[PDB]
Structure formats: structure tokens, C-alpha cells
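Right, one structure below, let's go through it.
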Amino acid sequence: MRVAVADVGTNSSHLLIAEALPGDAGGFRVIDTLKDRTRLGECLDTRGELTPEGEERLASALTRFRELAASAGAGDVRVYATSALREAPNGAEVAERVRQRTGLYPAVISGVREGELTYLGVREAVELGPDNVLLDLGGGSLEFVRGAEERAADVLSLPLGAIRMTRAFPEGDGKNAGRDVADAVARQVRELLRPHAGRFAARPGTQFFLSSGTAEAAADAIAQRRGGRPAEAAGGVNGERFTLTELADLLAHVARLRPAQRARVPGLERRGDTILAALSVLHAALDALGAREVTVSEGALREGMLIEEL
Ligand code: NA
């Protein structure tokens, strides 16, 4: 009664092993989550194609994942790949070669598919209401999801990822370069949402949610800026809330710092390279939709994959 799902991201891949409960009430219990530091982001060439060293790291990850699942009695791993392989021009070729080498097929899912599954992961992590808007900021893309208590009704994927924006708007040496990038990213967010007014905008009673790593880091940083302990000592950030004003203040702080300093802001360790652009995406998007406050969900794509499998 054990199931395994995995996602291939940009710099990390994760295997989730869960026990599937009696179908009557159903549900799942997470047995293990195993990370692989695939680091595909540093294995992308100038045209964005995955290098042979990237194929090797990916093949190595999926081989180890397959063994972990099999030794745990979980049978076969469903594997979905997101922005890294989606945007690589040779992503489909890499996926078929990895399948030939490992027997696992990393299916490259669309941004919208990722968003609809992530919404399921959020559903089982935090309490959804009758009108929810979810923003899931990844490396290449930002997914907007709207729905009710059960599933996504509307999904939009826009090319506003933390890595993609960091690259699209290179930061200069000047003291104002962080602010200038933040402003340019915000103008790009509004421009790509311009065809889509009303779709994800706050209505009375709309509740807003965030998922994935930037948002979790933001919640950790904001809580510690209110005097809290690091999330690692407080059991994580799932369910934490923060206001748009708190996000704006964290962004203004980050923008006046240089990249190396950003990685020393508590909560933002391991995200100094993209946190400026990523916070700029989140604030600009939330502001444009009229969000006042958000809840952060540690559940996301992998949990959603489980829910669909069950
Ligand atoms: Na995303």
C-alpha cells in the first residue's frame, strides 16, 4: 500500500514515498521525502540546453530514486519534470534518454498542469475556502490558480520565474541596481497580466495562498523580522501568514543589499542569487490582484501528484 512520486525541478529533485490508506476515507501518510541536489541549473548551456553532465546527474537521481522506492515496497515511481526540462530545447530528448538508461520517464508537464496539481498539494496542506487564488512561483514560471475547496477552476502560467527574471533583468553594479531590477520585474509582471484582468483579482472573501521555495523563504524571513525563531526551530512555515506590507518591507530591505548580503538575511539563505527578482515577482503579482494577506503552504506539486494517484 505504498506509492512513490517524484518531481525534477531545476536545482533539486525530490522523491516522496507515502502509504496509501484504506480507500474508504482514503488519504495518505508521508513515509519519507528524499532530496537529490541535481543542480540542473548549472548544467544548462548558453542556449539553455541540458549538458551531458546534466543528463548524467538526472539519470543518477532517477536510478537512486527508483531503488529507494523499490526497497521501500512502493513499486513504480511517477516522475514529473517542471521548468528546467520544460524550457530546455532538448528537454524531451533528455527525458527519453533518461528513460532508456533508468527505466523511469521524467514526464515534462506544462506550467498549467503543474499549477493544477500544486493546488491539490496546497489543499491538503492549508485550509482552502470558497474562493482561493494561489500563486506558485518556480524557477521558470509563475502559476496563477483560482478555485474553491476541492480543485482548480482556472489556471494561468506566465514566464515570470525567479531564475528567469533574475536572468532577464541583470543587476548592475550601482547602488540602485536592486531597486531598478525590482521595478523592471514589477513592470514585466503587470504587462503579462494585462491581457488577464479580473481572472485572479480579489473579490470579497477571496483568500490568497503561496507555495514553493521563494514564498517559504519569504515567510521565514518575515517571521524572523517580527522577532521569531528560524523556521527550522519552529517546525516549518506551513500555514504562516504575512501581509503585503510585510512583503514590501522585506523586498525594500533586499533591494538595498548586494547578492552576497541577501544570502545573509535570515530566512533567505540559499536564495541570495534570485531572491530579489523573486520577491519582486510575488509583490507585484499580489499587489496587482489586490491581495492584502497570504497564507503559505508547504504542500505543492509532489503532494498534488499523490492526491491524483490516489
Ligand atoms: Na511555478
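Numbering starts fresh at 1 for the residues of each chain in the C-alpha cells, the chains themselves are lettered A, B, ... in the order given, and ligands are numbered from 1 as they appear.
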
Would you mind listing, for every residue of chain A within 6 Å of ligand 1, the two atoms forming the shortest contact and the distance between them in Å to one decimal, using only C-alpha atoms and all ligand atoms, sorted by chain and ascending residue number, as a Markdown table?
```
| residue | atom | partner | partner_atom_place_in_ligand_line | distance |
| --- | --- | --- | --- | --- |
| A:136 | CA | ligand 1 | 1 (Na) | 4.7 |
| A:137 | CA | ligand 1 | 1 (Na) | 4.3 |
| A:138 | CA | ligand 1 | 1 (Na) | 3.6 |
| A:141 | CA | ligand 1 | 1 (Na) | 4.8 |
| A:142 | CA | ligand 1 | 1 (Na) | 4.5 |
| A:143 | CA | ligand 1 | 1 (Na) | 5.2 |
```

With N, CA and C atoms kept, could you save the residues just selected as a PDB file, in the first residue's frame?
```pdb
ATOM      1  N   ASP A 136       2.051  30.216  -7.413  1.00  0.00           N
ATOM      2  CA  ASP A 136       3.163  29.284  -7.235  1.00  0.00           C
ATOM      3  C   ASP A 136       4.329  29.773  -8.089  1.00  0.00           C
ATOM      4  N   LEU A 137       5.338  30.329  -7.438  1.00  0.00           N
ATOM      5  CA  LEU A 137       6.485  30.889  -8.136  1.00  0.00           C
ATOM      6  C   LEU A 137       7.591  29.837  -8.173  1.00  0.00           C
ATOM      7  N   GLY A 138       7.931  29.370  -9.367  1.00  0.00           N
ATOM      8  CA  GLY A 138       9.051  28.468  -9.541  1.00  0.00           C
ATOM      9  C   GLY A 138      10.241  29.137 -10.196  1.00  0.00           C
ATOM     10  N   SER A 141       8.640  29.841 -14.154  1.00  0.00           N
ATOM     11  CA  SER A 141       7.294  30.329 -14.398  1.00  0.00           C
ATOM     12  C   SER A 141       6.583  30.647 -13.092  1.00  0.00           C
ATOM     13  N   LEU A 142       5.521  31.435 -13.219  1.00  0.00           N
ATOM     14  CA  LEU A 142       4.621  31.751 -12.122  1.00  0.00           C
ATOM     15  C   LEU A 142       3.241  31.258 -12.526  1.00  0.00           C
ATOM     16  N   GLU A 143       2.654  30.372 -11.718  1.00  0.00           N
ATOM     17  CA  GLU A 143       1.310  29.858 -11.960  1.00  0.00           C
ATOM     18  C   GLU A 143       0.302  30.603 -11.096  1.00  0.00           C
TER      19      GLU A 143
END
```

| request: as number ranges by chain, list the residues of region 202-231 of chain A assigned to helix (DSSP H, G or I) by DSSP on the backbone atoms of this structure. | output: A: 213-225

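The two atoms in question, CA of residue 247 (chain A) and CA of residue 124 (chain A), are spaced 24.8 Å apart.
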
| query | Can you tell me, as a ChimeraX atom specification, what residues are no more than 12 Å from residue 160 (chain A) when counting only C-alpha atoms, ignoring any on the same chain fewer than 3 positions away? | reply | /A:83,111,135-144,156-157,163-169,184-193,274,277-282,284-285

Store the residues of this selection in a file with N, CA, C and O atoms, as a short mmCIF file (atom, residue, chain, number, x, y, z; two decimals), in the first residue's frame.
```cif
data_model
loop_
_atom_site.label_atom_id
_atom_site.label_comp_id
_atom_site.auth_asym_id
_atom_site.auth_seq_id
_atom_site.Cartn_x
_atom_site.Cartn_y
_atom_site.Cartn_z
N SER A 83 10.19 23.32 -14.72
CA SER A 83 10.73 24.39 -15.58
C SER A 83 12.03 24.02 -16.28
O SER A 83 12.25 24.40 -17.44
N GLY A 111 3.16 24.24 -17.54
CA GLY A 111 3.02 25.09 -16.37
C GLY A 111 1.63 25.02 -15.78
O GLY A 111 1.46 25.01 -14.55
N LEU A 135 -0.71 31.55 -5.90
CA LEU A 135 0.44 31.90 -6.72
C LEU A 135 1.57 30.93 -6.40
O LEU A 135 1.98 30.81 -5.24
N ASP A 136 2.05 30.22 -7.41
CA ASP A 136 3.16 29.28 -7.23
C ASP A 136 4.33 29.77 -8.09
O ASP A 136 4.31 29.65 -9.32
N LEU A 137 5.34 30.33 -7.44
CA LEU A 137 6.48 30.89 -8.14
C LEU A 137 7.59 29.84 -8.17
O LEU A 137 8.13 29.44 -7.13
N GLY A 138 7.93 29.37 -9.37
CA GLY A 138 9.05 28.47 -9.54
C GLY A 138 10.24 29.14 -10.20
O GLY A 138 10.37 30.37 -10.21
N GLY A 139 11.11 28.31 -10.78
CA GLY A 139 12.30 28.84 -11.42
C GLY A 139 12.01 29.52 -12.74
O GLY A 139 12.54 30.60 -13.02
N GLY A 140 11.20 28.90 -13.59
CA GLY A 140 10.94 29.49 -14.89
C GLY A 140 9.62 30.22 -14.97
O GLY A 140 9.47 31.17 -15.76
N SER A 141 8.64 29.84 -14.15
CA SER A 141 7.29 30.33 -14.40
C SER A 141 6.58 30.65 -13.09
O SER A 141 6.98 30.21 -12.01
N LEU A 142 5.52 31.43 -13.22
CA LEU A 142 4.62 31.75 -12.12
C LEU A 142 3.24 31.26 -12.53
O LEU A 142 2.73 31.67 -13.57
N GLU A 143 2.65 30.37 -11.72
CA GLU A 143 1.31 29.86 -11.96
C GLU A 143 0.30 30.60 -11.10
O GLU A 143 0.51 30.77 -9.89
N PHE A 144 -0.76 31.08 -11.72
CA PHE A 144 -1.92 31.65 -11.04
C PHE A 144 -3.00 30.58 -11.06
O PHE A 144 -3.29 30.04 -12.13
N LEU A 156 -3.41 29.80 -15.01
CA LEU A 156 -2.63 30.58 -15.96
C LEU A 156 -1.16 30.46 -15.59
O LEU A 156 -0.81 30.60 -14.42
N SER A 157 -0.31 30.18 -16.58
CA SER A 157 1.13 30.10 -16.34
C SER A 157 1.80 31.21 -17.13
O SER A 157 1.60 31.32 -18.34
N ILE A 163 14.28 32.39 -11.41
CA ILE A 163 15.53 32.32 -12.16
C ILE A 163 15.41 33.09 -13.47
O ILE A 163 16.32 33.83 -13.86
N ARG A 164 14.28 32.92 -14.16
CA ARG A 164 14.10 33.56 -15.47
C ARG A 164 14.14 35.07 -15.35
O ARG A 164 14.70 35.76 -16.21
N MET A 165 13.51 35.62 -14.31
CA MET A 165 13.53 37.06 -14.10
C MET A 165 14.91 37.54 -13.64
O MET A 165 15.35 38.63 -14.03
N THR A 166 15.58 36.77 -12.79
CA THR A 166 16.93 37.16 -12.40
C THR A 166 17.82 37.32 -13.63
O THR A 166 18.59 38.28 -13.72
N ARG A 167 17.66 36.43 -14.61
CA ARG A 167 18.43 36.48 -15.85
C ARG A 167 17.91 37.54 -16.81
O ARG A 167 18.70 38.17 -17.52
N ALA A 168 16.58 37.71 -16.90
CA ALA A 168 16.02 38.66 -17.87
C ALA A 168 16.43 40.09 -17.55
O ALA A 168 16.50 40.93 -18.46
N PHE A 169 16.65 40.41 -16.28
CA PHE A 169 16.87 41.78 -15.82
C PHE A 169 18.16 41.78 -15.01
O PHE A 169 18.14 41.88 -13.78
N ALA A 184 11.67 46.94 -12.70
CA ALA A 184 11.52 46.38 -14.04
C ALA A 184 10.74 45.07 -14.00
O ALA A 184 9.87 44.82 -14.84
N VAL A 185 11.06 44.22 -13.03
CA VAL A 185 10.32 42.98 -12.84
C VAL A 185 8.84 43.28 -12.61
O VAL A 185 7.96 42.63 -13.17
N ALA A 186 8.55 44.26 -11.75
CA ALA A 186 7.16 44.61 -11.49
C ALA A 186 6.47 45.09 -12.76
O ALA A 186 5.32 44.73 -13.02
N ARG A 187 7.16 45.89 -13.59
CA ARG A 187 6.55 46.31 -14.84
C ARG A 187 6.30 45.12 -15.75
O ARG A 187 5.27 45.06 -16.44
N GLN A 188 7.21 44.15 -15.76
CA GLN A 188 7.01 42.95 -16.57
C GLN A 188 5.84 42.11 -16.05
O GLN A 188 5.11 41.50 -16.84
N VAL A 189 5.67 42.03 -14.73
CA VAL A 189 4.55 41.26 -14.18
C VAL A 189 3.23 41.89 -14.63
O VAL A 189 2.34 41.21 -15.14
N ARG A 190 3.11 43.21 -14.46
CA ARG A 190 1.87 43.88 -14.85
C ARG A 190 1.61 43.76 -16.35
O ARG A 190 0.46 43.57 -16.77
N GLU A 191 2.66 43.83 -17.16
CA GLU A 191 2.47 43.71 -18.61
C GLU A 191 1.93 42.34 -19.01
O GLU A 191 1.07 42.25 -19.90
N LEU A 192 2.43 41.27 -18.40
CA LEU A 192 1.97 39.93 -18.76
C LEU A 192 0.61 39.62 -18.17
O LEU A 192 -0.12 38.78 -18.71
N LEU A 193 0.23 40.30 -17.09
CA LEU A 193 -1.13 40.16 -16.57
C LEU A 193 -2.13 41.07 -17.28
O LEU A 193 -3.34 40.92 -17.06
N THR A 274 18.59 34.73 -6.46
CA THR A 274 17.33 35.04 -7.13
C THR A 274 16.31 35.72 -6.25
O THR A 274 15.22 36.05 -6.74
N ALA A 277 14.67 39.25 -7.43
CA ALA A 277 13.72 39.18 -8.53
C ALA A 277 12.47 38.42 -8.12
O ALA A 277 11.36 38.77 -8.52
N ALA A 278 12.64 37.39 -7.28
CA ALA A 278 11.51 36.53 -6.92
C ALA A 278 10.55 37.26 -6.01
O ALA A 278 9.32 37.19 -6.20
N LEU A 279 11.08 37.97 -5.01
CA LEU A 279 10.22 38.79 -4.16
C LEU A 279 9.54 39.88 -4.96
O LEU A 279 8.40 40.25 -4.68
N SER A 280 10.25 40.43 -5.94
CA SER A 280 9.65 41.43 -6.81
C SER A 280 8.49 40.85 -7.60
O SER A 280 7.45 41.50 -7.75
N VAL A 281 8.65 39.62 -8.09
CA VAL A 281 7.53 38.98 -8.79
C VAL A 281 6.35 38.82 -7.85
O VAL A 281 5.22 39.21 -8.17
N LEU A 282 6.59 38.26 -6.66
CA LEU A 282 5.49 37.98 -5.75
C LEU A 282 4.76 39.26 -5.35
O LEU A 282 3.52 39.32 -5.40
N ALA A 284 4.65 42.25 -6.86
CA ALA A 284 3.96 42.87 -7.98
C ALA A 284 2.70 42.09 -8.34
O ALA A 284 1.67 42.67 -8.67
N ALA A 285 2.78 40.76 -8.30
CA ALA A 285 1.61 39.96 -8.65
C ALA A 285 0.50 40.13 -7.61
O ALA A 285 -0.65 40.41 -7.95
#
```

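The residues of region 181-294 of chain A that DSSP assigns to strand (DSSP E) on this backbone come out as residues 207, 208, 209, 210, 211, 241, 242, 243, 293 and 294 of chain A.
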
| query | Within 7 Å of region 220-226 of chain A, counting only C-alpha atoms, which residues qualify if same-chain residues fewer than 2 places away don't, as a PyMOL selection string? | reply | chain A and resi 216-218+228-231+237+246+250+266-268

Written selection (N, CA, C and O atoms) as a PDB file, in the first residue's frame:
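Output file result23.pdb is given in full below:
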```pdb
ATOM      1  N   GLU A 216       8.132  30.287   0.854  1.00  0.00           N
ATOM      2  CA  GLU A 216       8.505  29.746   2.158  1.00  0.00           C
ATOM      3  C   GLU A 216       9.681  30.509   2.754  1.00  0.00           C
ATOM      4  O   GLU A 216       9.706  30.772   3.959  1.00  0.00           O
ATOM      5  N   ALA A 217      10.681  30.852   1.930  1.00  0.00           N
ATOM      6  CA  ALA A 217      11.783  31.668   2.436  1.00  0.00           C
ATOM      7  C   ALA A 217      11.280  33.035   2.884  1.00  0.00           C
ATOM      8  O   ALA A 217      11.672  33.534   3.949  1.00  0.00           O
ATOM      9  N   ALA A 218      10.384  33.641   2.097  1.00  0.00           N
ATOM     10  CA  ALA A 218       9.828  34.939   2.453  1.00  0.00           C
ATOM     11  C   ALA A 218       9.114  34.880   3.794  1.00  0.00           C
ATOM     12  O   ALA A 218       9.243  35.794   4.615  1.00  0.00           O
ATOM     13  N   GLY A 228      10.730  36.264  15.385  1.00  0.00           N
ATOM     14  CA  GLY A 228      10.587  34.833  15.548  1.00  0.00           C
ATOM     15  C   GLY A 228      11.898  34.088  15.383  1.00  0.00           C
ATOM     16  O   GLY A 228      12.904  34.634  14.927  1.00  0.00           O
ATOM     17  N   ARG A 229      11.877  32.824  15.805  1.00  0.00           N
ATOM     18  CA  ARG A 229      12.997  31.914  15.620  1.00  0.00           C
ATOM     19  C   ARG A 229      13.037  31.434  14.172  1.00  0.00           C
ATOM     20  O   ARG A 229      12.034  31.517  13.455  1.00  0.00           O
ATOM     21  N   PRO A 230      14.191  30.959  13.703  1.00  0.00           N
ATOM     22  CA  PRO A 230      14.236  30.383  12.357  1.00  0.00           C
ATOM     23  C   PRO A 230      13.203  29.273  12.226  1.00  0.00           C
ATOM     24  O   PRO A 230      12.878  28.576  13.194  1.00  0.00           O
ATOM     25  N   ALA A 231      12.658  29.139  11.015  1.00  0.00           N
ATOM     26  CA  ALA A 231      11.581  28.175  10.802  1.00  0.00           C
ATOM     27  C   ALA A 231      12.036  26.759  11.123  1.00  0.00           C
ATOM     28  O   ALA A 231      11.223  25.918  11.530  1.00  0.00           O
ATOM     29  N   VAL A 237       7.176  26.514   8.024  1.00  0.00           N
ATOM     30  CA  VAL A 237       6.402  27.721   7.738  1.00  0.00           C
ATOM     31  C   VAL A 237       4.993  27.403   7.261  1.00  0.00           C
ATOM     32  O   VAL A 237       4.246  28.319   6.898  1.00  0.00           O
ATOM     33  N   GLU A 246       4.302  43.608   4.803  1.00  0.00           N
ATOM     34  CA  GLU A 246       5.486  42.917   5.306  1.00  0.00           C
ATOM     35  C   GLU A 246       6.366  42.459   4.151  1.00  0.00           C
ATOM     36  O   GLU A 246       7.598  42.564   4.215  1.00  0.00           O
ATOM     37  N   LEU A 250      10.292  43.573   3.309  1.00  0.00           N
ATOM     38  CA  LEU A 250      11.364  42.627   3.053  1.00  0.00           C
ATOM     39  C   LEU A 250      12.008  42.890   1.697  1.00  0.00           C
ATOM     40  O   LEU A 250      13.236  42.824   1.560  1.00  0.00           O
ATOM     41  N   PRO A 266      18.295  36.515   7.386  1.00  0.00           N
ATOM     42  CA  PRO A 266      17.803  35.254   7.956  1.00  0.00           C
ATOM     43  C   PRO A 266      16.511  34.813   7.285  1.00  0.00           C
ATOM     44  O   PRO A 266      15.559  35.587   7.147  1.00  0.00           O
ATOM     45  N   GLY A 267      16.479  33.548   6.879  1.00  0.00           N
ATOM     46  CA  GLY A 267      15.391  33.015   6.087  1.00  0.00           C
ATOM     47  C   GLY A 267      15.693  32.939   4.608  1.00  0.00           C
ATOM     48  O   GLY A 267      15.172  32.051   3.924  1.00  0.00           O
ATOM     49  N   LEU A 268      16.561  33.817   4.110  1.00  0.00           N
ATOM     50  CA  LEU A 268      16.878  33.891   2.694  1.00  0.00           C
ATOM     51  C   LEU A 268      18.193  33.206   2.343  1.00  0.00           C
ATOM     52  O   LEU A 268      18.662  33.318   1.197  1.00  0.00           O
TER      53      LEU A 268
END
```

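Distances from A:294, A:93, A:276, A:114 to residue 263 (chain A) were compared using only C-alpha atoms, and the smallest one belongs to A:276.
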
| field | Residue with smallest distance to residue 51 (chain A) - pool A:153, A:244, A:85, A:210, counting only C-alpha atoms | value | A:85
